[PDB]
file structure_7.pdb (PDB, N, CA and C atoms)
ATOM      1  N   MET A   1       3.805  10.458 -21.262
ATOM      2  CA  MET A   1       4.630   9.395 -21.902
ATOM      3  C   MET A   1       3.855   8.782 -23.070
ATOM      4  N   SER A   2       3.022   9.562 -23.715
ATOM      5  CA  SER A   2       2.228   9.039 -24.870
ATOM      6  C   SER A   2       1.342   7.879 -24.403
ATOM      7  N   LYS A   3       0.078   8.152 -24.154
ATOM      8  CA  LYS A   3      -0.902   7.103 -23.689
ATOM      9  C   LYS A   3      -0.827   6.932 -22.154
ATOM     10  N   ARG A   4       0.354   6.943 -21.582
ATOM     11  CA  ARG A   4       0.474   6.782 -20.103
ATOM     12  C   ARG A   4       0.695   8.151 -19.456
ATOM     13  N   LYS A   5      -0.365   8.875 -19.205
ATOM     14  CA  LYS A   5      -0.228  10.221 -18.575
ATOM     15  C   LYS A   5      -0.385  10.093 -17.060
ATOM     16  N   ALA A   6       0.110  11.054 -16.320
ATOM     17  CA  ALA A   6      -0.005  10.999 -14.833
ATOM     18  C   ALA A   6      -1.488  11.033 -14.434
ATOM     19  N   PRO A   7      -1.766  10.806 -13.163
ATOM     20  CA  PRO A   7      -3.157  10.804 -12.611
ATOM     21  C   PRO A   7      -3.579  12.222 -12.216
ATOM     22  N   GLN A   8      -4.676  12.694 -12.752
ATOM     23  CA  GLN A   8      -5.149  14.068 -12.414
ATOM     24  C   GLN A   8      -5.492  14.138 -10.925
ATOM     25  N   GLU A   9      -6.419  13.328 -10.483
ATOM     26  CA  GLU A   9      -6.806  13.339  -9.041
ATOM     27  C   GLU A   9      -6.068  12.218  -8.306
ATOM     28  N   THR A  10      -4.927  12.519  -7.741
ATOM     29  CA  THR A  10      -4.150  11.478  -7.007
ATOM     30  C   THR A  10      -4.961  10.990  -5.805
ATOM     31  N   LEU A  11      -5.582   9.844  -5.924
ATOM     32  CA  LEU A  11      -6.393   9.304  -4.793
ATOM     33  C   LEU A  11      -5.504   8.443  -3.893
ATOM     34  N   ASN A  12      -5.138   7.274  -4.354
ATOM     35  CA  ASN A  12      -4.273   6.377  -3.533
ATOM     36  C   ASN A  12      -2.845   6.402  -4.091
ATOM     37  N   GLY A  13      -2.348   7.570  -4.410
ATOM     38  CA  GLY A  13      -0.966   7.678  -4.963
ATOM     39  C   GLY A  13       0.056   7.859  -3.831
ATOM     40  N   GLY A  14      -0.390   8.146  -2.629
ATOM     41  CA  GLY A  14       0.567   8.327  -1.499
ATOM     42  C   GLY A  14       0.776   6.982  -0.808
ATOM     43  N   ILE A  15      -0.263   6.194  -0.735
ATOM     44  CA  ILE A  15      -0.156   4.862  -0.083
ATOM     45  C   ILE A  15       0.706   3.947  -0.944
ATOM     46  N   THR A  16       0.297   3.736  -2.171
ATOM     47  CA  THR A  16       1.061   2.841  -3.087
ATOM     48  C   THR A  16       2.536   3.264  -3.148
ATOM     49  N   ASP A  17       2.805   4.534  -2.986
ATOM     50  CA  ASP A  17       4.215   5.018  -3.036
ATOM     51  C   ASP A  17       4.999   4.450  -1.849
ATOM     52  N   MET A  18       4.335   4.206  -0.747
ATOM     53  CA  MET A  18       5.038   3.654   0.448
ATOM     54  C   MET A  18       5.005   2.124   0.415
ATOM     55  N   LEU A  19       4.060   1.548  -0.290
ATOM     56  CA  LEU A  19       3.978   0.063  -0.361
ATOM     57  C   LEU A  19       4.841  -0.423  -1.519
ATOM     58  N   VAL A  20       4.915   0.355  -2.564
ATOM     59  CA  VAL A  20       5.740  -0.033  -3.738
ATOM     60  C   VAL A  20       7.214   0.246  -3.427
ATOM     61  N   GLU A  21       7.482   1.258  -2.640
ATOM     62  CA  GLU A  21       8.894   1.587  -2.290
ATOM     63  C   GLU A  21       9.464   0.494  -1.383
ATOM     64  N   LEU A  22       8.876   0.299  -0.225
ATOM     65  CA  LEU A  22       9.390  -0.755   0.698
ATOM     66  C   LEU A  22       9.268  -2.125   0.018
ATOM     67  N   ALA A  23       8.261  -2.300  -0.813
ATOM     68  CA  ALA A  23       8.072  -3.607  -1.524
ATOM     69  C   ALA A  23       9.370  -3.995  -2.235
ATOM     70  N   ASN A  24      10.000  -3.047  -2.886
ATOM     71  CA  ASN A  24      11.288  -3.340  -3.580
ATOM     72  C   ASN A  24      12.312  -3.754  -2.522
ATOM     73  N   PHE A  25      12.248  -3.135  -1.372
ATOM     74  CA  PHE A  25      13.188  -3.485  -0.267
ATOM     75  C   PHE A  25      12.949  -4.931   0.177
ATOM     76  N   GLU A  26      11.778  -5.464  -0.079
ATOM     77  CA  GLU A  26      11.491  -6.873   0.334
ATOM     78  C   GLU A  26      12.164  -7.830  -0.653
ATOM     79  N   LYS A  27      11.839  -7.717  -1.917
ATOM     80  CA  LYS A  27      12.455  -8.617  -2.937
ATOM     81  C   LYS A  27      13.944  -8.292  -3.075
ATOM     82  N   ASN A  28      14.296  -7.028  -3.043
ATOM     83  CA  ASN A  28      15.737  -6.639  -3.166
ATOM     84  C   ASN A  28      16.547  -7.302  -2.046
ATOM     85  N   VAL A  29      15.908  -7.604  -0.942
ATOM     86  CA  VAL A  29      16.623  -8.260   0.187
ATOM     87  C   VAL A  29      16.535  -9.782  -0.005
ATOM     88  N   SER A  30      17.354 -10.529   0.693
ATOM     89  CA  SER A  30      17.344 -12.015   0.531
ATOM     90  C   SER A  30      16.154 -12.638   1.268
ATOM     91  N   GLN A  31      16.182 -12.635   2.577
ATOM     92  CA  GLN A  31      15.067 -13.253   3.358
ATOM     93  C   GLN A  31      13.908 -12.261   3.518
ATOM     94  N   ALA A  32      13.323 -11.830   2.427
ATOM     95  CA  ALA A  32      12.181 -10.874   2.519
ATOM     96  C   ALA A  32      11.243 -11.071   1.323
ATOM     97  N   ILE A  33      10.737 -12.266   1.146
ATOM     98  CA  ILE A  33       9.812 -12.532   0.006
ATOM     99  C   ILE A  33       8.367 -12.587   0.535
ATOM    100  N   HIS A  34       8.184 -13.008   1.758
ATOM    101  CA  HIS A  34       6.798 -13.070   2.333
ATOM    102  C   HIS A  34       6.234 -11.647   2.405
ATOM    103  N   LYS A  35       7.007 -10.729   2.923
ATOM    104  CA  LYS A  35       6.540  -9.313   3.011
ATOM    105  C   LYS A  35       6.490  -8.704   1.604
ATOM    106  N   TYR A  36       7.242  -9.247   0.674
ATOM    107  CA  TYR A  36       7.239  -8.710  -0.724
ATOM    108  C   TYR A  36       5.804  -8.697  -1.272
ATOM    109  N   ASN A  37       5.232  -9.855  -1.500
ATOM    110  CA  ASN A  37       3.832  -9.926  -2.025
ATOM    111  C   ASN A  37       2.884  -9.135  -1.111
ATOM    112  N   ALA A  38       3.254  -8.950   0.137
ATOM    113  CA  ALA A  38       2.387  -8.176   1.082
ATOM    114  C   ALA A  38       2.076  -6.793   0.495
ATOM    115  N   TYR A  39       3.092  -6.006   0.257
ATOM    116  CA  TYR A  39       2.877  -4.640  -0.302
ATOM    117  C   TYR A  39       2.792  -4.708  -1.829
ATOM    118  N   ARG A  40       3.417  -5.689  -2.430
ATOM    119  CA  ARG A  40       3.370  -5.810  -3.917
ATOM    120  C   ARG A  40       1.929  -6.070  -4.359
ATOM    121  N   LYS A  41       1.224  -6.910  -3.645
ATOM    122  CA  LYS A  41      -0.190  -7.216  -4.015
ATOM    123  C   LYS A  41      -1.106  -6.099  -3.510
ATOM    124  N   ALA A  42      -0.926  -5.679  -2.283
ATOM    125  CA  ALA A  42      -1.786  -4.594  -1.723
ATOM    126  C   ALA A  42      -1.572  -3.308  -2.524
ATOM    127  N   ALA A  43      -0.346  -3.006  -2.862
ATOM    128  CA  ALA A  43      -0.064  -1.766  -3.645
ATOM    129  C   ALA A  43      -0.659  -1.903  -5.048
ATOM    130  N   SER A  44      -0.734  -3.107  -5.554
ATOM    131  CA  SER A  44      -1.297  -3.317  -6.921
ATOM    132  C   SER A  44      -2.788  -2.969  -6.930
ATOM    133  N   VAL A  45      -3.556  -3.578  -6.061
ATOM    134  CA  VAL A  45      -5.022  -3.294  -6.022
ATOM    135  C   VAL A  45      -5.262  -1.820  -5.666
ATOM    136  N   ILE A  46      -4.562  -1.305  -4.686
ATOM    137  CA  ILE A  46      -4.759   0.123  -4.290
ATOM    138  C   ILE A  46      -4.268   1.041  -5.415
ATOM    139  N   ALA A  47      -3.066   0.831  -5.889
ATOM    140  CA  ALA A  47      -2.524   1.693  -6.984
ATOM    141  C   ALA A  47      -3.414   1.588  -8.229
ATOM    142  N   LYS A  48      -4.182   0.532  -8.348
ATOM    143  CA  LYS A  48      -5.067   0.376  -9.540
ATOM    144  C   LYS A  48      -6.532   0.340  -9.094
ATOM    145  N   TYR A  49      -6.843   0.966  -7.988
ATOM    146  CA  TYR A  49      -8.251   0.971  -7.496
ATOM    147  C   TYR A  49      -8.979   2.205  -8.059
ATOM    148  N   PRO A  50     -10.241   2.054  -8.419
ATOM    149  CA  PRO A  50     -11.067   3.168  -8.982
ATOM    150  C   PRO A  50     -11.704   4.004  -7.865
ATOM    151  N   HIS A  51     -11.378   3.730  -6.621
ATOM    152  CA  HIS A  51     -11.989   4.517  -5.507
ATOM    153  C   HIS A  51     -10.983   4.660  -4.365
ATOM    154  N   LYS A  52     -11.357   5.355  -3.319
ATOM    155  CA  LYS A  52     -10.428   5.542  -2.167
ATOM    156  C   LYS A  52     -10.859   4.636  -1.013
ATOM    157  N   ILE A  53      -9.911   4.100  -0.286
ATOM    158  CA  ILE A  53     -10.256   3.205   0.858
ATOM    159  C   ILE A  53     -10.696   4.056   2.051
ATOM    160  N   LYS A  54     -11.928   3.913   2.468
ATOM    161  CA  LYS A  54     -12.431   4.710   3.625
ATOM    162  C   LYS A  54     -11.782   4.204   4.915
ATOM    163  N   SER A  55     -12.051   2.976   5.282
ATOM    164  CA  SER A  55     -11.456   2.415   6.529
ATOM    165  C   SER A  55     -10.561   1.224   6.177
ATOM    166  N   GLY A  56      -9.941   0.626   7.164
ATOM    167  CA  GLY A  56      -9.050  -0.543   6.899
ATOM    168  C   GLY A  56      -9.867  -1.687   6.293
ATOM    169  N   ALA A  57     -11.133  -1.765   6.621
ATOM    170  CA  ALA A  57     -11.990  -2.855   6.068
ATOM    171  C   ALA A  57     -12.064  -2.723   4.545
ATOM    172  N   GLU A  58     -12.174  -1.516   4.051
ATOM    173  CA  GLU A  58     -12.249  -1.308   2.575
ATOM    174  C   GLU A  58     -10.964  -1.813   1.907
ATOM    175  N   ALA A  59      -9.893  -1.943   2.654
ATOM    176  CA  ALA A  59      -8.615  -2.432   2.059
ATOM    177  C   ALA A  59      -8.559  -3.959   2.150
ATOM    178  N   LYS A  60      -9.189  -4.527   3.149
ATOM    179  CA  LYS A  60      -9.175  -6.012   3.304
ATOM    180  C   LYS A  60     -10.134  -6.646   2.293
ATOM    181  N   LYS A  61     -11.239  -5.998   2.020
ATOM    182  CA  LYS A  61     -12.222  -6.557   1.043
ATOM    183  C   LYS A  61     -11.562  -6.707  -0.334
ATOM    184  N   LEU A  62     -10.561  -5.909  -0.612
ATOM    185  CA  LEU A  62      -9.874  -5.992  -1.934
ATOM    186  C   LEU A  62      -9.261  -7.394  -2.112
ATOM    187  N   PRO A  63      -9.226  -7.882  -3.340
ATOM    188  CA  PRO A  63      -8.661  -9.230  -3.667
ATOM    189  C   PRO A  63      -7.135  -9.165  -3.725
ATOM    190  N   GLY A  64      -6.475  -9.837  -2.818
ATOM    191  CA  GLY A  64      -4.985  -9.816  -2.799
ATOM    192  C   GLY A  64      -4.500  -9.244  -1.464
ATOM    193  N   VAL A  65      -5.303  -8.425  -0.827
ATOM    194  CA  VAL A  65      -4.889  -7.832   0.479
ATOM    195  C   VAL A  65      -5.330  -8.751   1.618
ATOM    196  N   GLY A  66      -4.479  -8.950   2.592
ATOM    197  CA  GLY A  66      -4.837  -9.836   3.739
ATOM    198  C   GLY A  66      -5.181  -8.978   4.958
ATOM    199  N   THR A  67      -4.831  -9.435   6.133
ATOM    200  CA  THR A  67      -5.133  -8.653   7.368
ATOM    201  C   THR A  67      -3.885  -7.881   7.804
ATOM    202  N   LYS A  68      -2.720  -8.401   7.509
ATOM    203  CA  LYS A  68      -1.462  -7.703   7.906
ATOM    204  C   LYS A  68      -1.340  -6.388   7.133
ATOM    205  N   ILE A  69      -1.199  -6.465   5.834
ATOM    206  CA  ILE A  69      -1.069  -5.224   5.013
ATOM    207  C   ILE A  69      -2.337  -4.377   5.153
ATOM    208  N   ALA A  70      -3.487  -4.999   5.105
ATOM    209  CA  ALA A  70      -4.765  -4.234   5.232
ATOM    210  C   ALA A  70      -4.798  -3.506   6.580
ATOM    211  N   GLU A  71      -4.228  -4.101   7.599
ATOM    212  CA  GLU A  71      -4.214  -3.456   8.940
ATOM    213  C   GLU A  71      -3.466  -2.123   8.862
ATOM    214  N   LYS A  72      -2.354  -2.100   8.169
ATOM    215  CA  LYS A  72      -1.571  -0.836   8.041
ATOM    216  C   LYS A  72      -2.413   0.211   7.309
ATOM    217  N   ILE A  73      -3.269  -0.223   6.419
ATOM    218  CA  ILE A  73      -4.130   0.738   5.670
ATOM    219  C   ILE A  73      -5.065   1.444   6.655
ATOM    220  N   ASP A  74      -5.659   0.703   7.558
ATOM    221  CA  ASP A  74      -6.585   1.317   8.562
ATOM    222  C   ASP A  74      -5.861   2.435   9.320
ATOM    223  N   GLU A  75      -4.617   2.220   9.668
ATOM    224  CA  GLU A  75      -3.846   3.273  10.394
ATOM    225  C   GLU A  75      -3.707   4.503   9.492
ATOM    226  N   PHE A  76      -3.688   4.295   8.198
ATOM    227  CA  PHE A  76      -3.563   5.435   7.246
ATOM    228  C   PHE A  76      -4.854   6.250   7.262
ATOM    229  N   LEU A  77      -5.961   5.590   7.080
ATOM    230  CA  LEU A  77      -7.270   6.295   7.058
ATOM    231  C   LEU A  77      -7.654   6.737   8.475
ATOM    232  N   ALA A  78      -7.161   6.058   9.481
ATOM    233  CA  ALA A  78      -7.502   6.438  10.885
ATOM    234  C   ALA A  78      -7.001   7.860  11.171
ATOM    235  N   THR A  79      -5.728   8.013  11.443
ATOM    236  CA  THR A  79      -5.176   9.370  11.728
ATOM    237  C   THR A  79      -4.433   9.887  10.495
ATOM    238  N   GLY A  80      -3.493   9.124   9.995
ATOM    239  CA  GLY A  80      -2.725   9.562   8.792
ATOM    240  C   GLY A  80      -1.237   9.647   9.138
ATOM    241  N   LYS A  81      -0.909  10.300  10.224
ATOM    242  CA  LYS A  81       0.523  10.426  10.625
ATOM    243  C   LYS A  81       0.981   9.128  11.292
ATOM    244  N   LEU A  82       2.233   8.781  11.136
ATOM    245  CA  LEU A  82       2.753   7.528  11.758
ATOM    246  C   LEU A  82       3.994   7.850  12.594
ATOM    247  N   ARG A  83       3.808   8.148  13.854
ATOM    248  CA  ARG A  83       4.971   8.474  14.732
ATOM    249  C   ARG A  83       5.882   7.250  14.846
ATOM    250  N   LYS A  84       6.948   7.363  15.596
ATOM    251  CA  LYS A  84       7.884   6.211  15.756
ATOM    252  C   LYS A  84       7.581   5.485  17.068
ATOM    253  N   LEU A  85       6.329   5.428  17.448
ATOM    254  CA  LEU A  85       5.957   4.736  18.716
ATOM    255  C   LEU A  85       5.989   3.222  18.500
ATOM    256  N   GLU A  86       6.958   2.554  19.074
ATOM    257  CA  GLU A  86       7.055   1.073  18.908
ATOM    258  C   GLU A  86       6.453   0.382  20.133
ATOM    259  N   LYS A  87       5.428   0.960  20.706
ATOM    260  CA  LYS A  87       4.787   0.345  21.906
ATOM    261  C   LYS A  87       3.372   0.902  22.070
TER     262      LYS A  87
END
call {"tool": "encode", "arguments": {"input": "structure_7.pdb", "output": "structure tokens"}}
result
Amino acid sequence: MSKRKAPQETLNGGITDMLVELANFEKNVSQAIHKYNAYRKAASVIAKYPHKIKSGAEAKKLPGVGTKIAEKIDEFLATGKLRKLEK
């Protein structure tokens, strides 16, 4: 796109894609602004991070990420797959 080229080594391009996607679902919805900044801020630092998050702690140390969104990051680096186990 002239100056804005895609990323050669997609590091955190899969995570931000799930935080930026649902993030729109937060603001796009009425009573969903608290969770909005959750992925909107976490996806911002990760989508614009110069390195990869090793464990969930590496995501919490980032400025803007809390323990809720950062907790989901640990599950990403932990196993990677997210079954539908709600218990």
call {"tool": "atom_distance", "arguments": {"input": "structure_7.pdb", "atom1": "atom C of residue 53 of chain A", "atom2": "atom N of residue 76 of chain A"}}
result
9.3 Å
call {"tool": "atom_distance", "arguments": {"input": "structure_7.pdb", "atom1": "atom CA of residue 45 of chain A", "atom2": "atom CA of residue 62 of chain A"}}
result
6.9 Å
call {"tool": "resolve_selection", "arguments": {"input": "structure_7.pdb", "expression": "the PyMOL selection byres ((chain A and resi 14-19) around 7)", "output": "list in words"}}
result
residues 10, 11, 12, 13, 20, 21, 22, 23, 24, 39, 40, 42, 43, 44, 46 and 47 of chain A
call {"tool": "select_by_dssp", "arguments": {"input": "structure_7.pdb", "residues": "segment 3-57 of chain A", "states": "helix (DSSP H, G or I)", "output": "PyMOL selection string"}}
result
chain A and resi 15-28+34-47+56-57
call {"tool": "closest_residue", "arguments": {"input": "structure_7.pdb", "among": "A:8, A:69, A:77, A:84", "to": "residue 34 of chain A", "atoms": "only C-alpha atoms"}}
result
A:69
call {"tool": "axis_aligned_box", "arguments": {"input": "structure_7.pdb", "around": "segment 16-35 of chain A", "padding_each_side": "6 Å", "output": "lines of an AutoDock Vina configuration file"}}
result
center_x = 8.8
center_y = -4.1
center_z = -0.1
size_x = 29.1
size_y = 30.3
size_z = 19.3
call {"tool": "residues_around", "arguments": {"input": "structure_7.pdb", "residues": "residue 57 of chain A", "least_positions_apart": "2", "cutoff": "7 Å", "atoms": "all atoms listed in the file", "output": "JSON list (two decimals) with N, CA and C atoms, keeping the file's coordinate frame"}}
result
[["chain", "number", "residue", "atom", "x", "y", "z"],
["A", 54, "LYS", "N", -11.93, 3.91, 2.47],
["A", 54, "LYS", "CA", -12.43, 4.71, 3.62],
["A", 54, "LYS", "C", -11.78, 4.20, 4.92],
["A", 55, "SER", "N", -12.05, 2.98, 5.28],
["A", 55, "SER", "CA", -11.46, 2.42, 6.53],
["A", 55, "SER", "C", -10.56, 1.22, 6.18],
["A", 59, "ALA", "N", -9.89, -1.94, 2.65],
["A", 59, "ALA", "CA", -8.62, -2.43, 2.06],
["A", 59, "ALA", "C", -8.56, -3.96, 2.15],
["A", 60, "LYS", "N", -9.19, -4.53, 3.15],
["A", 60, "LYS", "CA", -9.18, -6.01, 3.30],
["A", 60, "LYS", "C", -10.13, -6.65, 2.29],
["A", 61, "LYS", "N", -11.24, -6.00, 2.02],
["A", 61, "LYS", "CA", -12.22, -6.56, 1.04],
["A", 61, "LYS", "C", -11.56, -6.71, -0.33],
["A", 62, "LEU", "N", -10.56, -5.91, -0.61],
["A", 62, "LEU", "CA", -9.87, -5.99, -1.93],
["A", 62, "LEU", "C", -9.26, -7.39, -2.11],
["A", 70, "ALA", "N", -3.49, -5.00, 5.11],
["A", 70, "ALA", "CA", -4.76, -4.23, 5.23],
["A", 70, "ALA", "C", -4.80, -3.51, 6.58],
["A", 73, "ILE", "N", -3.27, -0.22, 6.42],
["A", 73, "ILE", "CA", -4.13, 0.74, 5.67],
["A", 73, "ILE", "C", -5.07, 1.44, 6.66],
["A", 74, "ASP", "N", -5.66, 0.70, 7.56],
["A", 74, "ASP", "CA", -6.58, 1.32, 8.56],
["A", 74, "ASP", "C", -5.86, 2.44, 9.32]]
call {"tool": "atom_distance", "arguments": {"input": "structure_7.pdb", "atom1": "atom CA of residue 26 of chain A", "atom2": "atom N of residue 38 of chain A"}}
result
8.5 Å
